[PDB]
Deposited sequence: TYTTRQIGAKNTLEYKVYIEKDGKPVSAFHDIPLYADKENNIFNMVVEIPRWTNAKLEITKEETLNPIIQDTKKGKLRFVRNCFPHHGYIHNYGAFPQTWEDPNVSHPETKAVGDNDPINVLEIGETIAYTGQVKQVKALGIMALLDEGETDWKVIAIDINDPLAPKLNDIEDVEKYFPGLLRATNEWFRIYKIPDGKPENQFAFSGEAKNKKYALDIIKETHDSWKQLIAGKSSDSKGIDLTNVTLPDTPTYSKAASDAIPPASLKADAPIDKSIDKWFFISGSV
């Protein structure tokens, strides 16, 4: 059973969420199996950012057991800005554990190296998720984002508990039941860092969302990129912390070393409300 352990107040530098299996911290990167049901391609998704929020929370590569923390740039907490007509993130946002966009090789589909992170997942169901949630999802398709010039696939997925899950099996069903969401998704990932002073991003395949079979192939490829990583068979592991507790860099002590749970959400600066056009 997966739960969460929160250290600190949300929206501060001290905030961390560890995932616990039966009350014991595990690595959110390496210790949650990618497959909840391999035979039926049901994946475990680690939720980082709930729909309609701004705080850029993420599994951190360089801390032990890879807790979810807030991204920073040069000491300042990162909040993704509101880009009209969108409010924060327009998906439940996260990653599949046990995957890696390998930064050391060029991906033939996009002519770019990977962004060094677990492959990202856009979960499109009704219910807003919580940071640190491990949910079970089916993959519907995939989009090829070049994120400041690096391969940054976005899997389009739905919670198997969603009322619509039985009617959603491939990328075409997203167009049926969520008309406009794929367009909005294309726009969002293109422009979301312009308010930060970064360039517009671009997608390979003219922004096309590839179907489920294509997505399963890419996911399995990043999962293999991950098996080379965790084996220490890396030409360059890029400072990632490879410690784990359910599985070399294995270290069963790591789970007891995590501090105990703690605070109410801290205030967010009013500037984060602003809608950019």
(message) Need the unmodelled segments of the deposited chain, numbered from 1, in order.
(response) 248-250, 266, 282-286
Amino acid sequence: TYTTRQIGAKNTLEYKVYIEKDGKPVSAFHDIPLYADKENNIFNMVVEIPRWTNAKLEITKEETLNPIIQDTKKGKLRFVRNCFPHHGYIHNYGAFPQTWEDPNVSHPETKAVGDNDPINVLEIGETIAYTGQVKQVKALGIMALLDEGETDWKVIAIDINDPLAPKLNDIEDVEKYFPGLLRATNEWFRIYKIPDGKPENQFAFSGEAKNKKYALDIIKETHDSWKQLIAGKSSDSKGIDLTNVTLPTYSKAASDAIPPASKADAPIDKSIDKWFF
From here on, numbers count along this sequence of modelled residues.
(request) Tell me which of 66-74 and 27-35 has the higher mean C-alpha B-factor in the deposited entry. (result) 27-35
(request) Check the entry's C-alpha temperature factors for 43-51 and 206-214, then say which stretch has the higher mean. (result) 206-214
(request) From the list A257, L13, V17, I268, select the residue with the highest C-alpha B factor recorded in the entry. (result) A257
(request) Taking the chain's C-alpha temperature factors as the reference, tell me which third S106 falls into: lowest, middle or highest. (result) highest
(message) For the chain shown, is the CA B-factor of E126 in the lowest, middle or highest third of its modelled residues?
(response) lowest
(request) Place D170 in the lowest, middle or highest third of its chain's C-alpha B-factors, as listed in the PDB entry. (result) highest
(message) Sorting by Cα B-factor within the chain, modelled residues only, which third would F79 end up in: lowest, middle or highest?
(response) lowest
(request) Check where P199 lands among this chain's C-alpha B-factors and tell me if it's the lowest, middle or highest third. (result) middle
